[PDB]
Structure formats: C-alpha cells, structure tokens
Protein chains: 6
Amino acid sequence: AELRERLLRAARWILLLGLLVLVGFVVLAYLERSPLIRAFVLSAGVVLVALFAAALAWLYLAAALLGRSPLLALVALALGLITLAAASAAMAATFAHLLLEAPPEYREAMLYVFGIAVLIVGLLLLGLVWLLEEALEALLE
Amino acid sequence: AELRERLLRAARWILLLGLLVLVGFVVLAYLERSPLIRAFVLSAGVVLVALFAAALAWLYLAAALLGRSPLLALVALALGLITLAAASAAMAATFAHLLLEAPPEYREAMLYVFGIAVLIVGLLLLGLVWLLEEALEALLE
Amino acid sequence: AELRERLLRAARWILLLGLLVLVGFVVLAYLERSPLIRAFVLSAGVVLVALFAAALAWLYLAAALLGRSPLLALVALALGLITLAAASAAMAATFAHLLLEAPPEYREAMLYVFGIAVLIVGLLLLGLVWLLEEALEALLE
Amino acid sequence: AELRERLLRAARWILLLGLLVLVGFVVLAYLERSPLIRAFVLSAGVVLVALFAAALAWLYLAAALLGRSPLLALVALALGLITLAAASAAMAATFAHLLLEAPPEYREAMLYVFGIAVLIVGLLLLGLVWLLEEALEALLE
Amino acid sequence: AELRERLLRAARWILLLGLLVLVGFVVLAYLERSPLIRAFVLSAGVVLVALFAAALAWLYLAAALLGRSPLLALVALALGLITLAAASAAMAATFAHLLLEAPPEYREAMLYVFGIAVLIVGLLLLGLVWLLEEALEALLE
Amino acid sequence: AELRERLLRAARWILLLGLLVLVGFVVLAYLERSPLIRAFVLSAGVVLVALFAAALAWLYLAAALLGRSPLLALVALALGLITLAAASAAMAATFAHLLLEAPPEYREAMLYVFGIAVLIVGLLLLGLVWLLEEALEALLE
C-alpha cells in the first residue's frame with residue numbers, strides 16, 4: 001500500500017547521511033593541513049550533499065507520483081538513477097582531473113577522499129535499483 | 001493557500017539576501033586589493049545571485065502552481081532543488097580548480113570566500129527542501 | 001493585453017541595448033590594440049548580445065504562451081530568468097578563469113569589462129523579477 | 001501569410017550560405033595551411049555549418065508546428081533563437097580561449113576568423129528576430 | 001508507409017558505416033605508431049560511432065513516430081539534425097583543443113583524422129537535410 | 001506482454017557486469033602501481049557503472065512504458081542509446097585529455113583501460129541496437 005514509507009525512510013536516512021557527510025567533510029576541513037586538501041574535501045562535501053539532494057529530489061518525485069500513477073514514480077526513480085549516476089561520473093572525471101594537476105604531497109590523502117566520495121555516490125545510484133525493483137516486480141508481472 | 005505565505009516570505013527574503021550578497025560581494029570588490037580575488041568575489045556574487053534567483057524562479061512556479069495543483073509545486077521545487085545543488089557543485093568544483101591554479105598569496109583569503117560562498121549557495125538547498133516537503137506531508141497525512 | 005505591452009516595450013529597449021552594447025564593444029574593439037583584450041571584449045560582446053537576444057526569446061516565449069493564459073507567460077519568463085542567470089554566472093566564471101590565465105599586462109581591461117558584464121547580469125535578472133512581481137500580483141494576490 | 005514557405009525560403013539561402021561557408025572555410029583550409037589555423041578554420045567551418053543546420057532545424061520545426069496555431073511557430077522559432085545564441089556564445093567563449101593559448105604568430109589571422117564567425121552569429125540572431133516578428137504582429141492583431 | 005523504405009535503408013548503411021568506421025579507426029588503433037594518435041583515433045572512433053548511433057536513434061524515432069503521421073518524423077529528424085550538429089561541432093572543437101595540446105610530432109596525422117571526422121560530420125548533417133525534404137515537400141508544401 | 005523478459009534478462013546481466021566490471025576496477029584499485037593509474041581505474045570503473053546503470057534505467061523505462069505499448073519502449077531505448085553513446089564519447093574525449101597530459105610512465109596501462117571502457121559500452125550500443133531492430137520488426141516488418 002504505502003510505498004512512500006520506504007522511499008521517505010530511505011530519503012531521510014539519505015538526508016542524515018548527507019548531514020553526516022556535511023559534518024564529516026567539514027570536520028576533515030577543520031582537521032586537514034593543506035588548503036588544496038581543504039578545497040577538495042569541502043568541495044567533495046557539497047558535491048556529495050548535492051548527490052544526497054538528488055536522491056532526496058527523486059524520492060520526492062516518486063512520493064508525489066505514486067499518489068496517482070506508481071509506474072510514473074518508478075520511471076521518476078529511474079530517470080533520477082541515470083541523472084545521479086551521470087553526477088557520479090562527472091564528479092569522478094572532475095576529481096581525476098584535480099588528482100592529475102595537484103602536487104604529489106596532496107595526491108595521496110586526496111585519492112582516499114576521491115575513493116570515499118565515489119563510494120557514497122556509487123552506492124546511491126545502485127541503491128535506487130533496490131528501491132525501484134519492488135515496484136518493477138509489481139508491474140512487470 | 002497557506003503554503004504560499006511560507007514560499008513567498010522565503011522568496012523575497014531570498015531576494016534581499018541576493019541584494020545583501022550583491023552589496024557584500026560588491027563591497028568586497030571595493031576593498032580587496034587583488035584583481036584575482038575581485039574576479040572570484042564578483043563571480044561568486046553572480047553565482048549566488050543566480051542561486052537566489054533560482055530559488056525565486058522555482059518559488060514563483062510553486063506559488064503560481066499552488067492556485068491549481070500543489071503536487072505540481074512539490075515536484076517543481078524538487079526539480080529546482082537538484083538543479084540549484086548542481087549549480088552549487090559546479091561553482092564549488094570549478095573554484096577548487098581556481099584554488100589550485102591561483103598564485104599562493106590569493107589562495108588564503110580565497111579559501112574563506114570559497115567557504116562563505118559555498119555556505120550561502122549550499123544552505124539555500126536546505127531551505128528549499130524544508131519548504132517543499134510540507135506538500136509531501138500534507139498529501140500523505 | 002498589459003503583459004505583452006510591458007514585455008514588448010522591455011523587448012524593444014533590450015534589442016536596442018543588444019545592438020548598442022554590441023556597437024559599444026565593437027567600437028571598444030576598434031580602440032583596443034591588444035588582440036587578447038579584443039578577443040575578450042568581442043566575446044563579451046557575443047555572450048552579452050546572446051543574453052539580450054535570449055531575453056528577447058524569453059519575452060517572445062511569453063507572448064506566444066499568453067494566447068493560453070498569463071500563468072503560461074509567468075512560468076516561462078521565470079524559466080528564462082533562471083536559464084539567463086545560469087548563462088550569466090557561467091559567463092562570469094569563464095571570465096574569472098580567463099582573467100587568471102591571461103598575462104598580467106592585460107588584466108586591467110578585463111577587470112572593467114567582466115565588471116560591465118556583471119552589471120548587465122545584475123540588471124537583466126532583476127529585470128525579469130520586476131515583471132514576475134506584477135504577474136504574481138495579477139494572478140495570485 | 002507566407003510563413004510555412006517563407007521561413008524555408010530564407011532557410012535554403014541559409015543552406016547555400018552553409019555550403020558557401022563550407023567551401024569558403026575548406027578553401028581557406030588550403031589558402032592558409034598552418035595546422036592550428038586549419039584546425040580553427042575547419043572548427044569554425046563545422047561550428048558555423050552546425051549554426052546553419054540550427055537555423056535549418058528551427059525553420060523546419062517552426063513551420064511544421066503551424067498546423068496547430070501561429071503560437072506554435074513563434075514559440076519554436078524563438079526557442080531556436082535563444083538556443084542558437086547560446087551555441088554561438090559557447091563558440092565565442094571557446095574561440096576566446098584558443099586565442100589565448102595559441103602562439104602569437106597564429107593569434108593574428110585567427111582573430112579575423114573568430115571575427116567572421118562572430119559576424120555570422122550577429123547576423124543570424126537579428127535574422128531570427130526579423131523572420132519571427134510577423135507572428136509577433138499576429139499577437140497584437 | 002513509403003517514407004521508411006528510404007529512411008531504414010539509409011539507417012542500415014549508417015550502421016554498416018558505423019561498423020566500418022568501427023573497423024578503420026579500430027585497425028588504425030593497432031596500425032599507428034604513437035599512443036597519442038591511438039587515443040585521438042579510437043576516441044574519434046567512438047565520437048563517430050556515437051554519431052552513427054545518433055543517426056540510428058533519429059531514424060528509429062522516425063520509424064516509431066511514422067505510425068501516427070510523417071509530420072512526427074519530419075520534426076524528429078529535424079530535432080536530430082541540430083542535436084547531432086551540436087555533438088559534431090563539440091567534436092571538432094574538442095579535438096581542435098587536443099590538436100593544440102599535442103606536441104608537433106603528433107599534430108600531422110592528427111590534423112587529417114580531425115579532417116576525416118569533419119568529412120563524416122559534413123556528410124551526416126547534409127544527410128538529415130536530404131532525408132526530411134520528401135516529407136517537407138508533401139505535407140508542409 | 002512478453003518483452004520485459006528480454007529487457008530484464010539483458011538488464012540483470014548488465015547489472016552483474018556492472019558489479020563484476022566494478023570488481024575488476026576495484027581489484028585494480030588495490031593492485032595497480034600508481035595513484036594516477038588508480039584514479040583512471042576507479043573513474044573508468046564508475047563511468048562504466050554509470051553506463052551500465054544508464055542501460056538499467058533505459059531497460060526499466062522500457063519495461064514500465066510497455067503497459068502502454070512496445071512503441072514507448074522502442075522510443076525510450078533509442079533516446080537512451082544516443083545519450084549513453086555520447087557519455088562513452090565524452091569519457092573517451094576527457095580520457096584522451098588525461099592520456100595526453102599524463103607523463104609517459106602512466107600512459108601505458110591507461111592505453112588499455114580507455115580502450116576497455118570503449119569496448120565495454122559496445123555491449124550497450126549493441127544491446128539497445130538489437131532490441132531496436134526487434135522493436136522495428138514488431139511494428140510493421
């Protein structure tokens with residue numbers, strides 16, 4: 001019945017994980033000892049908060065659509081999946097570009113934060129497959 | 001009706017925060033004895049005026065939608081949220097590139113106005129999402 | 001009636017300012033001996049002419065939508081505002097990049113002409129807000 | 001009156017100007033052989049042929065919509081105007097970048113070809129205003 | 001009905017020329033003697049295969065729309081013309097950038113492959129112009 | 001009725017290849033000998049996981065739109081083909097840039113991986129083009 005309970009629980013946990021990415025990348029921006037690391041970290045912080053805002057947005061489009069046509073919600077989740085995956089890909093290319101131009105002493109710690117950013121927004125786009133599949137099996141039957 | 005009071009009270013304070021950013025980043029352009037920090041500052045000025053105006057545009061579409069279909073406003077505000085978050089990310093990414101390419105003496109003061117510009121254009125998203133989800137609450141409860 | 005008149009009187013002056021700011025950056029390009037300053041000045045000429053002409057296109061998109069209702073104009077004008085704001089901020093960001101990469105001896109002329117571009121931004125975006133305030137009042141107050 | 005055939009009877013001369021820009025820039029591609037100039041010339045060749053293809057595509061679309069109403073012609077033609085203006089401004093930006101990074105001996109002749117592409121832009125945008133505004137008169141009649 | 005007997009024969013030779021570009025550029029990738037020329041050639045390979053996939057998509061979108069009327073195909077083919085022209089112009093611009101960045105010893109054969117992409121572009125855009133005209137002369141004239 | 005079998009069989013193999021090619025690039029991300037190669041590896045990883053997810057999104061959009069007719073899938077899958085192919089082309093372009101700017105000592109392993117990314121999206125080029133061939137056969141041939 002209320003598929004929105006799953007989507008909104010996912011969304012508000014995604015918001016809190018976005019606010020933990022905020023506190024985590026801001027506390028790293030308070031801990032870290034290079035301005036080029038602080039720039040990449042805080043930038044990745046908001047480039048990832050934008051990814052949590054993307055999953056928020058896609059979960060709001062579904063939560064509005066499933067009140068009248070659930071197959072339009074599934075499609076909105078999928079259109080958001082590819083769009084948030086493009087945001088992952090563009091972020092990954094961007095961060096590969098800064099890893100090439102950045103000086104060696106700030107490549108090392110940055111490669112991990114590139115990694116963890118890529119882990120968060122990669123897990124997000126794959127999570128949308130799991131969120132829509134229960135609606136997929138319920139209209140592909 | 002009721003949601004428009006929140007939406008448009010938010011909007012015109014978002015406009016005057018656009019005017020305070022206009023005056024604050026212009027006054028920084030009158031104080032700052034660096035053409036490269038002046039370039040960063042006025043471009044952060046128009047990225048933030050464009051950000052406030054993105055909230056103005058999507059708040060005007062929400063308010064004009066609320067006279068006929070609140071679920072259209074909810075969805076339009078969500079489409080505006082992700083788009084404004086991408087605009088935040090694009091500045092926060094590109095200005096992390098300028099923080100690498102710039103000469104050292106204009107990295108230090110630039111890292112602060114990178115910060116304050118990112119705070120202003122990022123917190124704006126947390127505003128827009130807190131507004132739109134009242135329509136999610138209203139339709140589900 | 002009144003919306004198209006105000007849009008079209010705005011348009012005609014926006015078209016004359018398109019042609020005149022073009023003739024201004026062309027006659028500046030007749031004085032300015034540096035090829036890099038002429039490239040910047042005439043490219044500012046294009047991206048500003050394109051913004052003026054795009055405000056014409058957004059005023060014509062309103063005039064075409066007005067045959068359905070004023071609310072079709074209000075929304076399409078606002079979608080033109082945010083698109084113009086993005087195009088403006090991307091222009092200012094581009095110029096804030098060229099002002100770093102350009103040799104020091106040609107940074108001063110950039111510091112005015114990216115400035116006059118930012119003045120045309122500050123005018124153009126609020127120029128749509130001012131008629132959105134009217135269309136909001138007429139539809140929704 | 002003539003709109004469905006008129007647009008396409010400017011367009012076919014815009015196709016011949018597409019082919020005459022093609023032959024002019026391909027002849028220039030051996031009149032001025034130097035690799036970076038030939039690259040900029042043939043790039044301006046296809047970035048202008050893409051602009052003539054844009055006007056061709058806009059002039060096919062705007063006419064084809066006219067079976068519904070004149071509002072469909074004016075909206076599609078104008079959405080092509082702004083989109084062609086943006087594509088032209090992006091060209092003016094990227095050309096203004098190559099004009100910095102290219103070595104001096106290939107800046108001089110390139111500044112003119114940047115110029116003639118920018119003239120063809122300045123013609124095209126005012127052309128799209130002049131081809132449209134009969135259907136603008138149809139919305140004050 | 002009859003329009004697709006042209007359009008699908010065109011499409012399948014566009015697919016074979018996609019696979020034949022996918023043999024000539026793919027063979028060149030192990031027949032050439034520089035990794036930067038391999039990068040430019042095989043990347044031009046997919047940038048051109050994406051063009052044959054674009055013309056494939058535009059011809060499948062006609063064939064699907066044609067069950068309603070030819071006027072849907074004419075519009076989709078024109079929408080694909082300008083949209084493929086942008087992707088083509090972005091190719092020539094982008095690879096003119098790599099052709100500045102490349103050292104002189106790998107500019108020479110690279111200039112020619114930029115050339116052959118510009119030939120395939122010129123063919124493709126004049127292609128969609130010829131393909132819609134038999135619908136234009138019938139329904140539009 | 002039947003077509004969601006062919007779609008979701010292709011999809012689940014595309015998801016498994018998403019995770020397995022992800023495990024290929026994650027194993028490489030702790031067995032490759034340079035941070036720049038690991039950055040290219042992980043980015044080639046998520047730019048392919050995003051490509052696999054693009055095909056997942058197009059396969060969900062087909063299988064959901066199939067409740068109207070297979071012609072909605074043909075159109076959606078084709079709209080997905082062009083943008084997925086363009087995403088591989090933009091990857092191959094930006095990776096031709098990193099492969100030019102990176103020093104020789106990190107060009108060698110990178111010369112395979114840009115190729116293996118180019119090959120692997122060929123599964124998605126074919127995997128959509130084959131189902132476009134069947135969906136075109138199904139309408140009238």
# chains A, B, ... in the order shown; residues from 1 in each chain; ligands from 1
>>> interface_residues(of="chain E", to="chain D", cutoff="7 Å", atoms="only C-alpha atoms", output="PyMOL selection string")
chain E and resi 75+78-79+81-82+85-86+89+92-93+96+100+111+140
>>> atom_distance(atom1="atom CA of residue E:70", atom2="atom CA of residue D:72")
18.0 Å
>>> select_by_dssp(residues="stretch 64-105 of chain B", states="alpha helix (DSSP H)", output="number ranges by chain")
B: 64-66, 70-101
>>> closest_residue(among="D:104, D:16, D:88, D:138", to="residue D:118", atoms="only C-alpha atoms")
D:88
>>> residues_around(residues="residue A:128", least_positions_apart="2", cutoff="8 Å", atoms="only C-alpha atoms", output="mmCIF file with C-alpha atoms, in the first residue's frame")
data_model
loop_
_atom_site.group_PDB
_atom_site.id
_atom_site.type_symbol
_atom_site.label_atom_id
_atom_site.label_comp_id
_atom_site.auth_asym_id
_atom_site.auth_seq_id
_atom_site.Cartn_x
_atom_site.Cartn_y
_atom_site.Cartn_z
ATOM 1 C CA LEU A 77 13.232 6.963 -9.705
ATOM 2 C CA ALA A 78 14.922 5.516 -12.852
ATOM 3 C CA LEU A 81 19.104 6.973 -11.145
ATOM 4 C CA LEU A 124 23.492 5.836 -4.000
ATOM 5 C CA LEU A 125 22.915 5.122 -7.757
ATOM 6 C CA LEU A 126 22.961 1.317 -7.086
ATOM 7 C CA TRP A 130 16.952 -1.810 -4.984
ATOM 8 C CA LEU A 131 14.369 0.938 -4.185
ATOM 9 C CA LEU A 132 12.559 0.600 -7.589
#
>>> atom_distance(atom1="atom CA of residue D:117", atom2="atom CA of residue D:25")
10.6 Å
